[PDB]
Amino acid sequence: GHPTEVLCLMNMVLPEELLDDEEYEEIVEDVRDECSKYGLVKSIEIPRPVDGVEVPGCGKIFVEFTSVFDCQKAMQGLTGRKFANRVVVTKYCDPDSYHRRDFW
């Protein structure tokens with residue numbers, strides 16, 4: 001709906017793929033590098049799974065840009081792009097919710 005400077009990338013990761021530090025770090029770098037083609041990436045949040053503990057937003061990628069315009073360019077460039085034989089699905093994330101790490 002309402003465009004923000006925070007992009008949420010869905011359908012890109014399985015929780016299993018975020019357990020090992022090396023794999024998690026590689027996903028963070030790959031995400032940053034792809035998003036950097038559209039604007040300045042201020043920060044990234046990829047909630048990691050903890051088996052038996054609820055982790056809201058796990059399986060989702062949150063990328064904060066330095067402007068709303070750069071985020072909208074990222075949403076245009078990434079939405080519908082094929083990744084891991086799937087379809088990248090997106091949404092805007094509330095900036096306040098992002099900073100207080102209140103994901104869904």
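These numbers come from the heavy atoms of this one structure, side chains and all, not from hydrogens, waters or symmetry mates. Each residue takes its place number in the sequence, starting with 1.
At a threshold of 4.5 Å between non-hydrogen side-chain atoms, the residues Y98 and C8 do not count as touching. The shortest side-chain heavy-atom distance between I44 and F62 does not fall under the 4.5 Å cut-off. Residues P49 and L19 are in side-chain contact: their nearest non-hydrogen atoms beyond the backbone lie under 4.5 Å apart. In this structure, the side chains of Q72 and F65 stay at 4.5 Å or more apart for every pair of heavy atoms. For the pair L78/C35, a side-chain contact is recorded, criterion being any heavy-atom separation below 4.5 Å from C-beta on. For the pair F103 and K60, the minimum side-chain heavy-atom distance is 4.5 Å or more. When side chains are defined from C-beta on, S36 counts as touching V41, because their heavy atoms get closer than 4.5 Å. A 4.5 Å side-chain heavy-atom check between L14 and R86 finds at least one atom pair inside the cut-off.
With a 6.0 Å radius and a threshold of 12 heavy atoms from other residues, nucleotides or ligands, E26 has its CD atom at or below the threshold. Within 6.0 Å of CD in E23 there are more than 12 heavy atoms belonging to other residues, nucleotides or ligands. No more than 12 heavy atoms of other residues, nucleotides or ligands sit less than 6.0 Å from atom CG of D51.
In this structure, the side chain of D20 does not engage the main chain of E22 through any donor-acceptor pair within 3.5 Å. A donor-acceptor distance shorter than 3.5 angstrom exists from the side chain of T4 to the backbone of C93, with no hydrogens or angles considered. Put simply, the side chain of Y24 gets close to the backbone of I46: a donor and an acceptor are under 3.5 Å apart.
Here the shortest heavy-atom pairing between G39 and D70 reads CA-OD2, 3.4 Å. Nearest heavy atom pair, residue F83 against residue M12, reads CE2-O, 3.1 Å. Pairing each heavy atom of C71 with each of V6, the nearest pair is SG-C, 3.7 Å. Heavy-atom minimum distance, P47 versus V55: CB-CG1, 3.8 Å.
Separating the CZ atom in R48 from the CG atom in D21 is a distance of 4.5 Å, to the nearest 0.5 Å. Here the CG-OG1 distance, from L7 to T90, works out to 5.5 Å after rounding to the nearest 0.5 Å. One finds the NZ atom of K82 at 11.5 Å from the CG atom of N11 (value rounded to the nearest 0.5 Å).
Clustering ILVMFWY residues whenever any of their side-chain heavy atoms sit less than 4.5 angstrom apart, transitively, puts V68 in a cluster other than the one holding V63.
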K42 vs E5, test: salt bridge (charged side-chain N to carboxylate O under 4.0 Å, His left out). Steps then yes/no. CA-CA 10 Å; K42 188 150 154 89; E5 69 265 34; over 6 Å; no
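Put simply, the residue from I61, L9, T79 that forms a side chain to side chain contact (heavy atoms under 4.5 Å, CB included) with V88 is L9.
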